[PDB]
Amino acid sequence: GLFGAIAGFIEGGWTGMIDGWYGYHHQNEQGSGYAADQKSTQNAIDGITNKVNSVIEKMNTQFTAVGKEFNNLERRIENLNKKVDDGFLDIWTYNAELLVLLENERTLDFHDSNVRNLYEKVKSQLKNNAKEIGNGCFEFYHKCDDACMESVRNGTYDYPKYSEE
């Protein structure tokens, strides 16, 4: 990844999380489970849905486009006309493919960036009250319950602390 999150410091994705693109695991004394982040997943969908629509608008459709006949003394005109059709075909085929190739790179890097920005929104929310294991995982110091979890995946932590060295 260009931001090293996806296929990076978070080696894999969760087939278990099926309600969003990005989310949390959270293992508690009350149970496990998965939870997708509305905030960030919606923004992506709106962004991607917008990217696709922008591409389509730009590629105007094609109206009645038929060919022309030329007699045996109009070879220069027949070839000219043929040079134009193949000329425009070359260009549009180029633009079409080239555009997808580029945007696909931008889209995958987009998701990468999103996962990264999420991880670090959590990290700067917890600070001391937890430690970074590895695979994008935080281990709690102050024991957080199901009610407390939903305060983190909400952008509203509270930081009542003590630690445990």
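Superpose the two forms; the largest set of C-alphas matching within 1.5 Å is the rigid core. Numbering starts at 1 and runs along the sequence shown.
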**Prompt:** Comparing C-alpha positions in 5 other deposited structures of this protein against this form, with the rigid core used for the fit, which stretch differs more, 10-18 or 152-160?
**Reply:** 152-160
**Request:** Give the stretch, out of 154-162 and 2-10, with the larger mean C-alpha temperature factor in the deposited entry.
**Result:** 154-162
**Fill in**
Averaging the C-alpha temperature factors as deposited, the higher value of 131-139 versus 104-112 falls on 131-139
**Complete:** Looking only at 42, 117, 125, 53, the Cα with the top B-factor belongs to 42
**Message:** When the deposited Cα B-factors of this chain's modelled residues are ordered and cut into thirds, is residue 57 in the lowest, the middle or the highest one?
**Reply:** middle
